[PDB]
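Asks: Starting off with a structure, shown below.
Protein chains: 6
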Amino acid sequence: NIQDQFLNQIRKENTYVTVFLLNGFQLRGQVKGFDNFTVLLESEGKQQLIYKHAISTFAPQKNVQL
Amino acid sequence: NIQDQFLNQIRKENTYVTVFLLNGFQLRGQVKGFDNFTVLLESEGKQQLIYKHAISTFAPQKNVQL
Amino acid sequence: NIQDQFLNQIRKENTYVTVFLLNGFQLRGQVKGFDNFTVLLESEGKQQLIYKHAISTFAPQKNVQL
Amino acid sequence: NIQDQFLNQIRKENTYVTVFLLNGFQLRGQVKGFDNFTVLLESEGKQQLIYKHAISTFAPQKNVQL
Amino acid sequence: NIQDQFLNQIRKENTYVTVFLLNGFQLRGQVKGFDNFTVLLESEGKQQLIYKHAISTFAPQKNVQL
Amino acid sequence: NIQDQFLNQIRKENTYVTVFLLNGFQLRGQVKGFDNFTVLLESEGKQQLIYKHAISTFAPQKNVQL
RNA sequence: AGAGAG
């Protein structure tokens, strides 16, 4: 499982991440949680629960070790 | 399971929530209930059954306790 | 199950619902049936079979009891 | 199962159908086949295999008995 | 199973096929193979692995035998 | 399985692929890993985790053997 | 957030 490798690191190394969404919107934050369906993003003040189905791409601040 | 503590908790506390849809359209209100597939939002007196497949992000009012 | 309650109640009541589609399009009419994948809507004497995957939000005209 | 009722009739009564798609495109034809994933449309000369996932709505030429 | 006789047959006969994507973009070519999730199209010398979730419609050259 | 062959072969060969996204967006880089849900792409020293649900087409630079 | 595909 890359996805889970990727995301748990980005989570415990508190990396800043841009989340690109399906529509083109770009969100920036830190991942504080994830399950099979959803990502929990700390992003500009707020806790936003993102549906994985609406995410296109994670562009990390610093590249992850996998 | 974060999705489900997120949703149940913002439901118990009538947190005011911004739901952003996949299309960009954004909706505002409170979650009356949810199941596997759908989120019942009240939106100023009014009921909207939203499919979660049409939902991108929950941005609640202040931060819940997970 | 909120979806099925919500949806059998609007079918029963013969409620006028706005169905916003994923593209923003809006239909209106009344529900005549559903299954796990589809909603049959009458909208001006015409039956339209809508897939639930293309639906965003059902906004009914009087809130529902569930 | 409405979906299958609907579609098998529209198929054996050779009804003309507009298929509205997720993007708004409108296609017109007769259903010559369907499986769980796909619809076979006779539509302006050609046999087009449509993915159900890309279909929003079937608007039949004459309303179906269900 | 229509999808699968459709695809295998247009693959055996290098039928020229218009694939319309979900976005409207349309692509033209021949199907080299397919699996559960993906259609290998050759498109003038060139290989494109397309996810079927990104595909709306197959419009082949003349009509195949199903 | 064509997808996994296709994709392990471009990962092996270190091929330059264009990945067209569902929105039309184009990325380019090379595949470093995949799982059943995601592709890890390096595109200019940066790792991007793309979901397969957001991918339309992988257009590689030299056709693949499968 | 009222529908004809590069």
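Residue numbers (my numbering), protein chains in the order written: chain A, 604 to 669; chain B, 604 to 669; chain C, 604 to 669; chain D, 604 to 669; chain E, 604 to 669; chain F, 604 to 669. For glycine and all other residues, C-beta sits at the position ideal for the given N, C-alpha and C.
Tell me which same chain residues have a C-beta within less than 8 angstroms of the C-beta of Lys635/E, skipping the five on either side of it?
Replies: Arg614, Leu643, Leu644, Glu645, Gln650
Asks: Going by beta carbon distance, what residues of the same chain come within less than 6 angstroms of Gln606/B, once the five residues before and after it are set aside?
Replies: none
Asks: Relative to chain C, which residues along the stretch 646 to 663 of chain B have a C-beta separation below 8 angstroms, given in chain order?
Replies: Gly648, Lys649, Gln650, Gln651, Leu652, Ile653, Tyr654, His656, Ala657
Asks: Name, going along the chain, the residues of the stretch 612 to 632 of chain A whose beta-carbon falls closer than 8 angstroms to a beta-carbon of chain B.
Replies: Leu624, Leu625, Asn626, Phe628, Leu630
Asks: Pull the bridge partners of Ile653/B from the DSSP assignment, please.
Replies: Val642/B, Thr660/C
Asks: Just the chain A side, please: which residues come within less than 8 angstroms of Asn604/B by C-beta, in chain order?
Replies: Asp638
Asks: By Cβ distance, which residues of its chain are closer than 7 angstroms to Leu625/A, with the 5 residues on each side in sequence left out?
Replies: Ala657, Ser659
Asks: Which class does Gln668/F belong to by DSSP, given the choice of helix, strand or coil?
Replies: coil
Asks: Taking C-beta to C-beta, are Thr621/F and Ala662/F nearer than 8 angstroms?
Replies: Closer than 8 angstroms, so yes.
Asks: What does residue 556/A reach in chain B if we use C-beta pairs closer than 7 angstroms?
Replies: Limits of chain A in this structure are 604 at one end and 669 at the other, which puts residue 556/A out of reach.
Asks: Taking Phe628/B and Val667/B to be in contact with their CB atoms under 8 angstroms, please state how far apart those CB atoms are, rounded to whole angstroms.
Replies: Actually they do not touch by this definition, with Cβ atoms about 24 angstroms apart.
Asks: Return the chain-ordered list of same chain residues with a C-beta closer than 8 angstroms to the C-beta of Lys665/F, the five sequence neighbours on each side being excluded.
Replies: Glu616, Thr618
Asks: Taking 8 angstroms as the CB-CB limit, is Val634/F close to chain E?
Replies: no
Asks: State buried or exposed for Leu669/E, treating a residue as buried only when at least 16 other CB atoms are found within 10 Å of its CB.
Replies: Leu669/E comes out exposed.
Asks: Under the three-state reduction of DSSP, which class applies to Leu630/B: helix, strand or coil?
Replies: strand
Asks: So, with DSSP's three-state summary, where would you put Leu625/C?
Replies: Coil, per DSSP.
Asks: Would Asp638/F pass as a contact of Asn611/A if the rule is Cβ separation under 8 angstroms?
Replies: no
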